[PDB]
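In the deposited numbering, the protein residues as written are 1 to 166. A virtual CB, placed ideally from N, CA and C, is assigned to each residue, including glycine. What follows is a set of notes on a single structure, which appears directly below.
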Amino acid sequence: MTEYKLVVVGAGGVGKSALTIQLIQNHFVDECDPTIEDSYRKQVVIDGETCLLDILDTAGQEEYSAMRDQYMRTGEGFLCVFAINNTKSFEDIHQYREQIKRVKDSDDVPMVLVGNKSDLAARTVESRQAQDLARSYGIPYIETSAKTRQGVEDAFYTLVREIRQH
Ligand SMILES: Nc1nc2c(ncn2[C@@H]2O[C@H](COP(=O)(O)OP(=O)(O)O)[C@@H](O)[C@H]2O)c(=O)[nH]1
Ligand SMILES: *CC(=O)N(C)CCN(C)c1ccc([N+](=O)[O-])c2nonc12
Ligand SMILES: [Mg+2]
């Protein structure tokens with residue numbers, strides 16, 4: 001079956017695992033082992049195509065992992081995630097993208113910028129700010145909540161659409 005290899009990167013606590021697990025298990029986790037990193041597979045129909053998403057949910061851990069290296073190199077699309085109530089997480093984004101540009105040796109990597117925790121009445125990073133970080137990158141911005149699923153399918157499926165047209 002057609003597959004897409006997706007990688008989810010971003011600062012600690014942005015909700016990378018929560019997003020993954022909403023897409024896959026259709027529920028919210030109120031917390032998660034902050035340190036665990038693996039890939040999960042998920043069947044979805046996207047734009048009418050039956051396919052599998054193989055999603056490495058990264059952790060922040062003191063580098064080297066061969067598995068992590070393998071996904072950073074053969075991964076077709078990256079979700080770059082910050083939380084909209086955490087300005088440091090948003091500032092970090094450029095480190096994550098830059099590491100992806102290095103491992104993929106390209107300025108044109110299927111990516112999507114995700115502002116998670118859109119449910120919160122806690123916003124510190126304004127939407128237009130992220131629109132502009134994304135536009136400058138030439139990639140889409142999408143705001144999500146793992147708590148309510150708003151934007152989640154859209155984050156992932158826009159990423160697939162970016163992998164396809166690459
Ligand atoms: N309100 C809210 N909390 C979230 C959301 N996503 C994650 N969280 C919380 O943020 C914390 C970090 O989540 P986690 O998935 O471990 O983040 P990770 O370190 O990026 O994998 C946990 O307490 C989650 O319950 C979200 O969309 N909304
Ligand atoms: C942060 C955390 O609680 N974990 C990494 C525990 C295991 N999780 C989140 C997990 C395990 C297995 C599968 N799976 O088989 O597909 C998951 N899919 O989303 N989260 C999964
Ligand atoms: Mg995690």
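For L120, DSSP records no beta bridge to any residue. When C-alpha distances from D30 are compared across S39, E49 and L19, the shortest belongs to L19. When DSSP states are grouped into helix, strand and coil, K88 belongs to the helix group.
By the neighbour-count definition (other C-beta atoms within 10 Å, threshold 16), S127 is an exposed residue. The beta carbon of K16 is closer than 6 angstroms to those of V8, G10, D57 and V81 in its chain, skipping five residues each way along the sequence. In this structure, ligand 2 has a non-hydrogen atom nearer than 7 angstroms to the beta-carbon of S17. Contact check between the segment 25 to 43 and the segment 92 to 110: fewer than three CB pairs, one atom from each, fall below 8 angstroms, which does not count as touching. Within 7 angstroms of the C-beta of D92 there is not a single heavy atom belonging to ligand 3.
Residue pairing by DSSP places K147 opposite no residue, since no beta bridge is assigned to it. Look at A146: its beta carbon is less than 7 angstroms from one of the heavy atoms in ligand 1. Taking a contact as a CB-CB distance under 8 angstroms, the pair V103 and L159 does not count as one, their CB atoms being some 17 angstroms apart.
If you check the C-beta of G10 against ligand 1, you find a heavy atom less than 7 angstroms away.
Residue environment for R135: exposed (fewer than 16 other C-beta atoms within 10 angstroms of its C-beta).
Taken atom to atom, the span from the alpha-carbon of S118 to that of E143 is near 6 angstroms. The residues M111, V112 and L113, in chain order, have a CB closer than 7 angstroms to that of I139 in the same chain once the five nearest residues on each side in sequence are set aside. In the DSSP annotation of this structure, the continuous segment of the alpha helix (DSSP H) that includes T20 starts and ends at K16 to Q25.
For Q22 against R149, the beta-carbon gap comes to about 6 angstroms, under 8 angstroms, which counts as contact.
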